[PDB]
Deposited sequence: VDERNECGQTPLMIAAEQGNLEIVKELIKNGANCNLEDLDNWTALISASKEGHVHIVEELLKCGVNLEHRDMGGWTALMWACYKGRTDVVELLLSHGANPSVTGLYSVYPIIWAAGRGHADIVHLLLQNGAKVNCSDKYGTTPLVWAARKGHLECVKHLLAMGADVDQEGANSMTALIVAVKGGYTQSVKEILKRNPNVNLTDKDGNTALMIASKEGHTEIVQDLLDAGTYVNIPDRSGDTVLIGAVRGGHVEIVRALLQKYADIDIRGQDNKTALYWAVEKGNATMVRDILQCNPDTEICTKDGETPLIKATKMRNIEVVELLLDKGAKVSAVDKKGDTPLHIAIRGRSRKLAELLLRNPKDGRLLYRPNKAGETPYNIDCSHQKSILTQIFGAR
């Protein structure tokens, strides 16, 4: 009774959108096989489940029909109903006994699609019908990782209500906590952390949860991980410490939080670099003060870079610690030369408080370049500055 317009589409699919009770009754009176498939192994049941009215879905459910049919990609009616989110129709199929445990040809289960798309109500319905919670994708990605990837709080809460494992690693060497931290979803991170995750697990790049949270700058996530008991000073392959990452990124709050819970400062980073070195290189007064207040060693060097930066407050803070002047650079250049040629008058009176510092220039001669000749070359004698300074 069907007319082929070379499209291979049944009248049911075309008439599903403009569904009317009288025309549907007239068509069902004209007995035609409802179980017939389509040119692409589809079924009018799929169209009814997609957007069809409740009445037509209920009528198609009635009488013997192939409820558990596989489409071209192996996606049943339930899979398409969960993916294309619709709490109803899904409700009717689940109450009628549609199989939740069917497996897609792409090795992806309905619960994974429901969690990734974010349809929390479909996730709740599937969980209540006994859909397996600790299942995995074809890469080992549990639904928890998929749900926490985009920070779907309701989906993660509903899935963790069952007791889904967190230590299980998903695709690309990712856990729930790491992917939640990457997206910066604070309450999702709290929800995951409430079930005792193994915080110290590594991602694909080797970056832990704390390192990613610090580099991105999520202060709340960093503090929550610290409260959880994260191993603070795990170093990346770049040689950087999480404190170094926080101070370089420009995160005063994260630096203070990492200092509150006792973290090392004298760590040797890449190419002879420490947290104080990065702070003084960037010249952030609060970061330098916070690091210095915690008693690091100035030797591992900030002296020459601070002198070149010449910021007055950095100079005062670093001089209050008591770093000895005659330390020189790796090239042999004494910081005294660059300190003096810049003509810093404010530092002049501050440099007359210590014996070695008061002697200043006349003490060291390492590279053999006599500074007295250069001083005498200058018409305006520097000695008047020392005389008037006191």
| said: As a test: can you identify every run of the deposited sequence that has no C-alpha position in this structure, in order? | reply: 301-306
